[PDB]
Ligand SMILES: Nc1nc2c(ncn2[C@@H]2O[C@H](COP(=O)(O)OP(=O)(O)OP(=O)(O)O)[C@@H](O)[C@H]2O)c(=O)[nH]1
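First, one chain by itself in structure tokens, the form deposited without ligand GTP.
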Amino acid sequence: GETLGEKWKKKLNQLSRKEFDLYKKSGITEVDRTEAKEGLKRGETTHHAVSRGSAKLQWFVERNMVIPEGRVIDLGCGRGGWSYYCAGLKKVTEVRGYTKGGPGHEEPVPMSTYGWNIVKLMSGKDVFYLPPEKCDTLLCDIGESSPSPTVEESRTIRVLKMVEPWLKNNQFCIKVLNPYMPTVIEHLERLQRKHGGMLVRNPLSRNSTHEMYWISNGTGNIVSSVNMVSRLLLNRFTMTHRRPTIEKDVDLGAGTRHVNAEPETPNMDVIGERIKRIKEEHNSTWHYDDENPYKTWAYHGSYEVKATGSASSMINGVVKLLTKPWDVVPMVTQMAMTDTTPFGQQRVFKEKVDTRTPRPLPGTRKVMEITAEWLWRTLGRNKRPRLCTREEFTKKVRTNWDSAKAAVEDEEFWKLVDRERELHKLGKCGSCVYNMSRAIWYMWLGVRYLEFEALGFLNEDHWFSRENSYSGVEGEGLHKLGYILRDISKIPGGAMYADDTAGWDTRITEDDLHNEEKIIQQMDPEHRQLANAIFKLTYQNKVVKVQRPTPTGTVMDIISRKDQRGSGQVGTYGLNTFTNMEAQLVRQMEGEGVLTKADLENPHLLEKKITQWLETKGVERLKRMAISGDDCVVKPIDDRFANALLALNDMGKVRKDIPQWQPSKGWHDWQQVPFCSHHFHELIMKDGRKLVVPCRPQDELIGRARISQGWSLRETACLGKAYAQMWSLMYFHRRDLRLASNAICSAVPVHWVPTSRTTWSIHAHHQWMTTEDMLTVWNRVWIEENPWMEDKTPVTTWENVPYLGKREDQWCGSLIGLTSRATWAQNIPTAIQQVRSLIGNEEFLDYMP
């Protein structure tokens, strides 16, 4: 009567240390603990999970196997991974963690992750000595392995007998250390009749343990579930070793949680029609899921869908063949780590989007209102807002997709746009929904068109060009940003600050939205009517579609939110640049002592002082900044700005990767300032002329070019050629990239015109999307059209196009000097031939220097 589990145990115990270390992780799932372990070593108390346990519990919670609610009790909490995870879930009101502690036992790790204020972890509490307490969720992860399965059987039954009296029509998730021993099976079968639930295997569990979890939400055959795991674990001994599937670890946020402040109160008069139409369109599967996870977004209903997305990105085989040394580079592989499945979407939504920003103080709201009014008057001094048109939108769609091109050519699409526009003119919206059938697609593209019609002027007419806005960089181009930062560096004063905001779009408040909409005051009446509908009905009352996995299949949830920026809405870039200019001017006023703590708290703050500063210094202060959406560089009049955090945090623009009240750190060397994911180097050309060039860690450049878009080798090769040409024009100064670009261009047929874009950045002008000789394009961009290049003498050779210094190239990720890189360089004509052979007997040219 020997079980398959007992057979697995005998085989496991016979493994040598070498084969046991390989087997334990073969084909498992594992979170990358690198960042958290280093953060915990540095004493950081925000974002990080204290152990692998938070991700372990997330696996069950995201599958609805256990849905913590009310008073949660965590038995054997150890460091607290399960408890800290629970603190941020919708229905959880209190988390009580109990753990033994003492020598050889894990102790609770104090943290300040989101909801720490409802987490009560107690050491010195051996749960086997504790009387059961009333709770709504019972969690238990206790069970120490033993080479003897009978010692494990005794430990398992001891846990099962300890936990059972805590169970009373509540949620639960209990580790069953050894579920294969017949006496454990018998006991679980009796427990399942009294308390329900089922046994599940968590794929984050190592193969060296047969642990399973008894979870409350589900049913099934315990014997079948146990034996299926035994078979899997047995097959894994002989299976060719598979490296573990790596997943991103959890981000548990920061700060106190006020459960009563989380719920969203929707404006049903405004959003009711949109919900009604989605319901009618998907009426056959429309349902109202009470188990939805949304804390701060209003939930309206769901319909059934097939799952969209992938765990990882597709790989460009042509670029991979010509970049062999980078196959072992972690940052290069980490680039291709993007989970867009309903699982990945829900994790991002919980961690980043499902938050609420406190309302700023009345004095802060007063300063923002004064500043916004002044800024809009400044921005509209020369230009007038204007309506964009069908003809203009059609032109943008055509010149940038295949379905969008078909749609804009369809008279039915524009008939639908007209019908919706007529509702907007009446102060009603019926079909404008965004995402986190052609009718669904026509309604979506139609929504984007109406937004473009009303607010497209901000981008189409370059309202944020440096000439129009002083701080802006819209239309400038990556090749000009470095020269702009060098120009800012000449302004006397403090260091150059470049603080990033954590999730800027989620930090856009109702006050920000009301300040942004003031641009309608400058519009013609018919335009004001259309923009007012966009701001009020759609930007300040967003209806969103988001996928969610469930035990029975995937669903599309319909949710809503009044504040935050609609990241998937047109106008985002311009409105973010506007609000960020305003926010940074307010921070400069605080740095200068114009705006004080007393002023921010004042409910009847006087405007005189603020207007005087804006009218006398405002433009000078805008010229000290480079602002692109949520990204900024600010060079204030002195360094008091580093310590000026009251208004910035009060406006909701909390800085990323730094404690709330820690002063910022700036740079005096403009070449080290980060901006738009780049930094910029000043180089001296062989002919003595200076050039300012853009740069980023080389692994990001290679990692990105190794990611395919959109069977078919031609499209893969052409996208490879597009990255190669972008490298020759923008990143020619990186040794590895100029060599790899020459290799790719030698490997791809000369007449094949680059297809598909390398980037969607607003800073990209795509001068590399051509068959024209790259040196004549280089001369055009860098010499002829370059306003910071006085001597217009062309360069006749790539030998006169400069590289970074060797040490600088290496600091920025070059592999120059490594043996693998020398081997790669030697192997280039061979790698080129390999790609050429895979493509076939086409016409190729040799670009190798």
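In case it trips you up, residue 1 is the first one in the sequence shown, and so on.
**Student:** Relative to the deposited sequence, how many residues with no modelled coordinates occur between residue 400 and residue 401 (none, 1 to 3, 4 to 9, 10 or more)?
**Tutor:** A long stretch, 10 or more residues, is missing between them.
**Student:** Counting only residues of the deposited sequence, how many between residue 436 and residue 437 have no atoms in the entry (none, 1 to 3, 4 to 9, 10 or more)?
**Tutor:** Unresolved stretch here: 10 or more residues.
**Student:** Give the stretch, out of 407-415 and 254-262, with the larger mean C-alpha temperature factor in the deposited entry.
**Tutor:** Taking the mean B-factor of the alpha carbons in each, 407-415 is higher.
**Student:** Going by the average Cα B-factor in the PDB entry, point out whether 139-147 or 242-250 comes out higher.
**Tutor:** That would be 242-250.
**Student:** Sort 738, 490, 690, 545 by C-alpha B-factor from the entry and give me just the highest.
**Tutor:** When the deposited C-alpha B-factors of 738, 490, 690, 545 are compared, 690 is largest.
**Student:** Of the choices 751, 733, 120, 678, which one's C-alpha carries the largest B-factor in the record?
**Tutor:** In this record, 751 carries the highest C-alpha B-factor of the candidates.
**Student:** Using the temperature factors of the C-alpha atoms in this entry, rank residue 758 within its chain: lowest, middle or highest third.
**Tutor:** Highest third, going by the recorded CA B-factors of the chain.
**Student:** Which third, lowest, middle or highest, does the C-alpha temperature factor of residue 183 belong to within its own chain?
**Tutor:** Its C-alpha B-factor belongs to the middle third of this chain's values.
**Student:** Taking the entry's C-alpha B-factors for this chain, is residue 813 in the lowest, middle or highest third?
**Tutor:** Middle third by C-alpha B-factor.
**Student:** Would you check the entry's CA temperature factor for residue 707 and let me know if it's in the chain's lowest, middle or highest third?
**Tutor:** It belongs to the highest third of the chain when residues are ordered by C-alpha B-factor.
**Student:** Could you place residue 57 in the lowest, middle or highest third of its chain by Cα temperature factor, using the values in the record?
**Tutor:** Lowest third - that is where residue 57 ends up once the chain's C-alpha B-factors are sorted.
A second form of this protein, the form solved in complex with ligand GTP, is not displayed here; the remarks below concern that form.
**Student:** Counting only non-hydrogen atoms and a 4.5 angstroms cut-off, does residue 227 reach ligand GTP in the deposited bound form?
**Tutor:** Residue 227 lies outside the contact set for ligand GTP.
**Student:** How about residue 152: is it within 4.5 Å of ligand GTP in the deposited bound form, going by heavy atoms?
**Tutor:** Judged by the heavy-atom cut-off of 4.5 Å, residue 152 is in contact with ligand GTP in the deposited bound form.
**Student:** Residue-level contact is defined here as any heavy atom of the residue lying within 4.5 Å of ligand GTP in the deposited bound form; does residue 145 satisfy this criterion?
**Tutor:** Although ligand GTP is absent here, residue 145 would touch it in the deposited bound form, with heavy atoms inside 4.5 Å.
**Student:** In the deposited bound form, does residue 681 come within 4.5 Å of ligand GTP, counting heavy atoms only?
**Tutor:** No, residue 681 is distant from the partner.
**Student:** Ligand GTP isn't shown here, but in the deposited bound form which of 257, 206, 282, 324 has a heavy atom within 4.5 Å of it?
**Tutor:** Looking at the other structure, the residue within range turns out to be 206.
**Student:** Exactly one residue in 12, 839, 831, 825 has a non-hydrogen atom within 4.5 Å of ligand GTP in the deposited bound form; which is it?
**Tutor:** It is 12 that has a heavy atom within 4.5 Å of the partner.
**Student:** For 15-31: residues with a non-hydrogen atom within 4.5 angstroms of ligand GTP in the deposited bound form?
**Tutor:** The stretch touches the partner through 15, 17, 20, 24.
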